[PDB]
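As a starting point, one isolated chain is supplied in structure tokens, in the form deposited in one PDB entry.
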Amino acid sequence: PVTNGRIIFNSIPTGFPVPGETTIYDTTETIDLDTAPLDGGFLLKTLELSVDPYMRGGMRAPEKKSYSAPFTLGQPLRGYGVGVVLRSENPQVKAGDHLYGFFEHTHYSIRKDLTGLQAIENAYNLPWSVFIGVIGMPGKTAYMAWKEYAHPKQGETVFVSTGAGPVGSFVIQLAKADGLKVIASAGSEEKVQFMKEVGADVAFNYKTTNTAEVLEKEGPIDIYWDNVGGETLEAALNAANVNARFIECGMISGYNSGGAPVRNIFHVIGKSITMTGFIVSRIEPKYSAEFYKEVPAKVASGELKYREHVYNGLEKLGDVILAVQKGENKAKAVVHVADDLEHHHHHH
């Protein structure tokens, strides 16, 4: 029998998550990989777990019942991941199958069927982590909301906040393929270099650069991709062109402080702005087939560039959640939970 560790949602944070208090790591549960009773289901080994900015918002008290369900106190966290089937008594599932979907933040789970899971099409033998990033929900977010809401015209100017993340860096590349001038900002020099590498025309570190002054010089802006909200949205509103489109994807500047105010929303009227918020899952059905047919080949060839920040060990996941909220992840945050016994064979 081996350890089946779990990352537990333990207490509601007031500001930023507190690793070891907000989330705890539990190693008291075990599983026998050969003996675990499957009951016609299958044994699924967690390989890669995504850590995403939205996880902070699920750390709240239980309130009525809405579409947005908070994490349950005392239960494992959960989110997108990749796993492999070790042992199956279910005819739809074969040992060695790699599956994508929501995973509890544990080493192993026993699933009765494929509800919530999809077989992964990996024709290019890409690292499994790409299916929770550029070929996962963050890539879908950029791909689908851009096509749905940007209405880009060649020669217009777009401002992308958090341009070095998995969403923003995808958006930059879609915007350049449409012939737009791209302004993008991130929180470190290494992220600025990546933004230039994926083709940002103006790439800057918002911690060492006056954002409003850059937008004044390089704008006005026809499209704002909002990942930050707050003062950065205010800056975009001040620099907006008439008939600008504001794609409201995230507002991370308020995730750990109860939201961030906007004081100049009147520009939406004065400048005839269309500001559209979206949740990627709501618009994905229209685009999922096209996304999975188009994106893997471009990741394999380098047409679509990506970066990731891999953290090794389920026990780090709580710290990784804080790292993302604090902007300390260098790129898309991946918790590598376990290896797959193929490609990475352990030997001395």
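In case it trips you up, residue 1 is the first one in the sequence shown, and so on. Only the largest set of C-alpha atoms that superpose within 1.5 Å between the two forms is called the rigid core.
Another form exists, deposited in another entry; not displayed. Remarks below refer to it.
Just a single entry of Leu73, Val262, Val214, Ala177 exceeds or equals a 2 Å CA shift between this form and the one not shown, which is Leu73 (rigid core superposed).
A movement of the C-alpha atom of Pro91 reaching 2 angstroms or beyond is seen between this form and the one not shown when the two forms are aligned on their rigid core. Positional change of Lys305 between this form and the one not shown stays under 2 Å at the C-alpha, relative to the superposed core. When two forms of a protein are overlaid on their rigid core, residues whose CA moves 2 Å or more are considered shifted, and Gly41 is one of them between this form and the one not shown. Figure legend: C-alpha atoms of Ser253 and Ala239, shown here, are separated by at least 3 angstroms more in the other entry. Compared with the form shown, the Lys65-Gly277 C-alpha separation decreases in the other entry, the change being 3 Å or greater.
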